[PDB]
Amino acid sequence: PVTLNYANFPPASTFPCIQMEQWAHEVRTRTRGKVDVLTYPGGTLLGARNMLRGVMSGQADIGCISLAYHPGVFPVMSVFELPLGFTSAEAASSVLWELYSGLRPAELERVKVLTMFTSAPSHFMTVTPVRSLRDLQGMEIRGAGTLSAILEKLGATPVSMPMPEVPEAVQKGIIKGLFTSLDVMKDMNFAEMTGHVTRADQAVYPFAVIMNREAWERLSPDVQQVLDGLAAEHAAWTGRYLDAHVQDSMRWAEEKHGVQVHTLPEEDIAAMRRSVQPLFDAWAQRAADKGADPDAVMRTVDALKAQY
């Protein structure tokens, strides 16, 4: 029997940790006890920033990274931080894993990628109501990576930070809100901090579950095929869990904490779409600057969405 240490950064209650536990359960079951997983939620082994380097140095065997936390590092897979039209985490997660699987971009060659998944679409959670784009102007809102770039295009003031730092930043007035999926209203108790939600139907945050190359290579071919054979099913499972849980989270937030929900006017939604359009070109240019083929990437994103 081998035991793999799986690091994660956010609290045990949140979806990246929930999925980690489910994955560990399946690994134990499907390897008939040959592989065990010892999990470290809440950043006790590796945190959000040192996750990638700590898995690569072998301080942990496995880890969970939010790609948006690593600017410049993932020129190809960062396409999934653009608004690609997904309305559910289940579809986005499945297409993300298929894109990685089909392109295997060099940016991730130095780790083994065990599976991938995404958050649900991003919305605004704020301390004061946002009923129009006018209300967002100059407002300090948390994002990361290209999600922060989206905020800047919309006229907000992005402040980038990893999820575990967000509650204090809101509590202490460093930011006025955050831009991400609504599961955190419950799972991190933002319902008691940000009493206003504005629909945005925006981009998702992509994640990878990564494994130290040497740890992976120390696994037998039969155990490898088991972990590989879990990857696609688990991507979908994670998105599916999250989709349902987002609805539960908002129900609890509205009913038990009086959260107010707002929608933007149609004209603001159209203007919002136009203002973020140039980020696609900027993504493509960075990708090409790094030797990748963004036309091919977008052709594959389009095909995989159509297949779905």
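Don't overthink the numbering: it's just position in the shown sequence, from 1.
- Checked against the record, the higher mean CA B factor of 85-93 and 212-220 lies with 212-220.
- Between 49-57 and 66-74, the higher mean Cα B-factor belongs to 49-57.
- Residues shown: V276, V246, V259, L264. Highest C-alpha temperature factor in the entry: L264.
- The residue among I175, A235, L147, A106 whose C-alpha carries the highest B-factor in the deposited model is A106.
- Remark: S132 belongs to the highest third of its chain, ranked by C-alpha B-factor as recorded.
- In the PDB entry, a CA B factor belonging to the lowest third of its chain's modelled residues is recorded for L242.
- For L304, the recorded CA temperature factor ranks within the middle third of the chain's modelled residues.
- Per the deposited record, the Cα B-factor of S13 falls in the middle third when ranked against the other modelled residues of its chain.
- When the modelled residues of the chain are ordered by their C-alpha B factor, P41 lands in the lowest third.
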